[PDB]
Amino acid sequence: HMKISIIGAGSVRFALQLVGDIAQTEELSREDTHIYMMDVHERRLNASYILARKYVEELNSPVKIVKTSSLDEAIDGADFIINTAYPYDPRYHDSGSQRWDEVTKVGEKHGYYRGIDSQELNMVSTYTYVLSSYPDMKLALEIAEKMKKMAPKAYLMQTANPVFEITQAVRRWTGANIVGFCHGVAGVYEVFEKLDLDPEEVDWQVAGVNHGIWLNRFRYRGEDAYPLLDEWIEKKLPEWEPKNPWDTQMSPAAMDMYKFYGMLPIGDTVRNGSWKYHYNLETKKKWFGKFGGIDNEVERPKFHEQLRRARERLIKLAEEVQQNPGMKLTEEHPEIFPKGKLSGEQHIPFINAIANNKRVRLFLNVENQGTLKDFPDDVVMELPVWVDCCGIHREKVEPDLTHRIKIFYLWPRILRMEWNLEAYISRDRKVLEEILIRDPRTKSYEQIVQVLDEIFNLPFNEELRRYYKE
């Protein structure tokens, strides 16, 4: 049997994406493939399970789908464990995004625009939680330790955030076989589209850290293609407009970073700029166009409300499936239940590469081990790799990242990772304080104490408060 366990399968849309991809991958769509859907939130989990089962029936896939509320049962003997859990306490919240929103509001109350978790080169919303990401870190480490005992040959595929911090901590502190996953590299394809380049004719590479990746190689017809970006900047950037709040790859911010660093930041890296692009909403609109991007006080709550409505509709759709077994999810909701189209995401290609030797190029968070020679061997980087049944094989990164990327961007972000890990493992509030002492928004030490006090005293943070109790 091939056991693929989705931890946090109450994240309905992602669970359905994974199931859909497995059921449309020939080498994996087999009777001996068992997909375990695990979560502690029964209403969400039941909905995901109902829709997943009806979905594979319509795809005429023979995969087995099992629902469980037991973490141990999901881990036991698993071949791949996909951690997409974003924990939350249903006594207070209906989503992990809600606990992030509420602590962010407390930060803003104390003078930290977009919350204390928003930091230079670290603006992506919902990425860390009170700096050290205690609930998310704790759960990943618990999974890793169970997996070492109950599934020693499994891969832990970490998708819940912070991918950088969690993958680092699990690797360093447990030695468990964890790999971090993020689709941010997909930004390159919009660069190629806006420059009118056939992507198949582009020789390209990216590298960096999660949400901190750079287009280090960009070549076309045997020449550097960056002069083509220079021409686009001069002729077309003035007319650029975001299609939606997430659209930033060709934004003024991205091009300002390219001018300074010498390479274009890719994907969510564009969100992770210095404070120059993020002082306030008006500044974000200058640098990202009319929406101000997605990491602001208007668009981020709006988006989280869209998610809530979307998941409630999926839960209702599951009730409809139970009442009308004759309906076709693939006909009435093709966007959610596609047939004959893979998602394009990396998770199931990874599984098919490891398990069935379908070799593929992916961008994964793995230990550097000398790929970027100026950084420590054990620091987790987002790197171009080839994956097959013999494991993960790092590409040579050529051209090297620029001097400015290293000293002004990667090293500061790597140090922040180390600060955050130290804040977690030390259980020492003084480390959280020191992080905010390096925060440009801090005006006084008393401000730091008070904002942390109020965050810790939120009712849903009792375990966190006790964790850090001096």
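For clarity, a rigid core is taken as the largest C-alpha set superposing within 1.5 Å between two forms. Note that residue numbering begins at 1 and tracks the sequence as displayed.
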item: Core-fitted comparison in 6 other deposited structures of this protein, 121 to 129 vs 91 to 99, farther C-alphas; value: 91 to 99
item: Stretch departing more from the displayed form, 355 to 363 or 82 to 90, Cα RMS in 6 other deposited structures of this protein (core fit); value: 82 to 90
item: Of 424 to 432 and 39 to 47, the one with larger mean CA B-factor; value: 39 to 47
item: Stretch exceeding the other in mean C-alpha B-factor - 410 to 418, 51 to 59; value: 51 to 59
item: Selection by C-alpha B-factor (highest) of 171, 394, 302, 211; value: 302
item: Out of 225, 372, 131, 379, highest CA B-factor residue; value: 225
item: Third of the chain, ranked by Cα B-factor, where residue 109 sits; value: middle
item: Third of chain Cα B-factors occupied by residue 2; value: highest
item: Third of the chain's Cα B-factor distribution that residue 120 belongs to, per the entry; value: lowest
item: Residue 251 - Cα temperature factor, lowest/middle/highest third of chain; value: middle
item: Ranked against its chain, the third holding the CA B-factor of residue 339; value: highest
